[PDB]
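Okay, structure first, notes after.
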Amino acid sequence: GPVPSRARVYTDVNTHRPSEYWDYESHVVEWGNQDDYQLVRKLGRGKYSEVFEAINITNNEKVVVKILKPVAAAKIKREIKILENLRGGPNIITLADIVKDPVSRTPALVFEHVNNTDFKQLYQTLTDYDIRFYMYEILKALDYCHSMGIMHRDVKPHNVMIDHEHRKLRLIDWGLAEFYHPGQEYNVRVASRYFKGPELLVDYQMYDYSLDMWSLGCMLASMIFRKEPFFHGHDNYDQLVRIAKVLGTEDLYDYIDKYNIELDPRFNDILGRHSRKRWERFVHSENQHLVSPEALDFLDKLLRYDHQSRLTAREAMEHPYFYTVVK
Ligand SMILES: Nc1ncnc2c1ncn2[C@@H]1O[C@H](COP(=O)(O)OP(=O)(O)OP(=O)(O)O)[C@@H](O)[C@H]1O
Ligand SMILES: N#CCc1c[nH]c2ccc(C(F)(F)F)cc12
């Protein structure tokens, strides 16, 4: 069957920590006072929650309340434990409280509010310097959570809040996050389609933190090349074909061979034969201002089929692409 894999960094984190750290089922939730929060307006509704802007009436400060939809309780305790474990970490959203919603009778996660800049404005106007600056801020969040034995598994621009006025970034939406345990087989139905790593698309379950680094590369490619999304699959199968038209099919077959993966036969008629395209092929007059040899070298080291061959978040921080960023 498939050959096992383990991360090349932070494999022992959850072994060195006490069981209480990762055993989220055993965690006893400390419930706050639901009346401290007055809902102001609905901000959105996803598959797993309804999101509201609210006011903490004990300090008159804005908060965001995520009221969980009645779903599997195991997912809820996992997100709570991860948020508590990561609290105070660089650029990690702060979980301010956990209360029982009086209407839904389900948990409501209270977060610090970020006065976030409109997603479209960020995509359209962040400069070359700003992309490098904010990518460095995301790497601080990812190296932190990976160093804490957690993979985010849903890295994408809608999960990265920026209050541009205050040069403030927060990595949010930890609902798909998981503790990394070497040898564990994980569910491949994670991340948004355009950000799914090849490991997910080829149904390789023994993945790790490096999945986040692929997602980050997808985010970077779409920003610098002005191509939203960069890999535009019609479904999860066509998603792998879109990647193969850029990275080539030879390296894909080598990846499948190395990990002894049985590729879904549905791919035999759609993958075709493709050679890697040099990153310069995607440069044009409308994206030249965001492209540099350092950006292309960095992107090249994230977008690799072999999850063990990608830069880790800490190695990425050392890359020349960030030399210009004020530290
Ligand atoms: N801490 C926070 N501060 C401010 N706004 C927040 C915070 N957390 C979440 N939000 C906002 O809550 C809103 C609703 O979130 P939701 O997951 O339902 O939608 P979405 O982000 O637009 O979708 P998706 O990420 O799946 O594409 C979004 O506009 C998001 O920016
Ligand atoms: N794509 C897109 C827009 C966007 C939303 N949140 C971000 C966080 C970082 C970056 C960075 F500039 F660093 F790539 C971009 C965004």
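The deposited numbering numbers the first residue of the sequence shown as 3 and each following residue consecutively.
From the three backbone atoms N, C-alpha and C, an ideal C-beta is built for every residue, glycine too.
Compute the beta-carbon to beta-carbon distance between residue i and residue j, rounded to the nearest angstrom, for a pair I have assumed lies under 8 Å.
i	j	result
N93	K158	Not quite, the Cβ-Cβ distance comes to about 15 Å (not below 8 Å), so this is no contact.
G199	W216	4 Å
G151	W24	7 Å
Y182	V327	In fact, because the Cβ distance is near 28 Å, the residues do not count as touching under 8 Å.
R228	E288	6 Å
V293	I258	Actually they are not in contact, since the Cβ atoms of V293 and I258 sit about 31 Å apart, beyond 8 Å.
residue 378	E81	For residue 378 there is no data in the structure shown, the boundaries of the chain being 3 and 329.
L144	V162	With a Cβ gap of about 11 Å, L144 and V162 do not count as contacting.
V66	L45	7 Å
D120	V112	Actually they are not in contact, since the Cβ atoms of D120 and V112 sit about 24 Å apart, beyond 8 Å.
Who are the Cβ neighbours of residue i in its own chain at under 6 Å, not counting the five residues just before and after it?
i	result
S7	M208
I133	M225
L254	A246 and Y307
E52	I69
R278	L249 and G250
Where does residue i land, buried or exposed, given buried means 16+ other C-beta within 10 angstroms?
i	result
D156	buried
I78	buried
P109	buried
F197	buried
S212	buried
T127	exposed
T314	buried
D214	buried
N16	buried
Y206	buried
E201	buried
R312	buried
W33	exposed
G90	exposed
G177	buried
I140	buried
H321	buried
residue 1	Because the chain spans 3 through 329 in this model, residue 1 falls outside it and cannot be assessed.
According to DSSP, which residues form a beta bridge with residue i?
i	result
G46	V53
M319	For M319, which the question treats as bridged, DSSP gives no partner whatsoever.
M163	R172
residue 392	The requested residue 392 does not occur in the structure, where the chain is confined to residues 3 to 329.
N58	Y39 and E63
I94	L173
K68	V53 and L111
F181	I152
Give every residue of the same chain whose Cβ lies closer than 8 Å to the Cβ of residue i, excluding the five residues on either side of it in the sequence, and list them in chain order.
i	result
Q36	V101, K102, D103, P104 and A110
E27	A76 and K79
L298	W281 and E282
Please work out which residues of its chain come closer than 7 Å, Cβ to Cβ, to residue i, disregarding the five sequence neighbours upstream and downstream, and give them in chain order.
i	result
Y188	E180, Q207 and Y209
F232	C220, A223 and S224
Task: Residues whose Cβ lies closer than 5 Å to any heavy atom of ligand 2, in chain order - done: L124, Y125, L128, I133, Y136, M137, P159, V162 and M225
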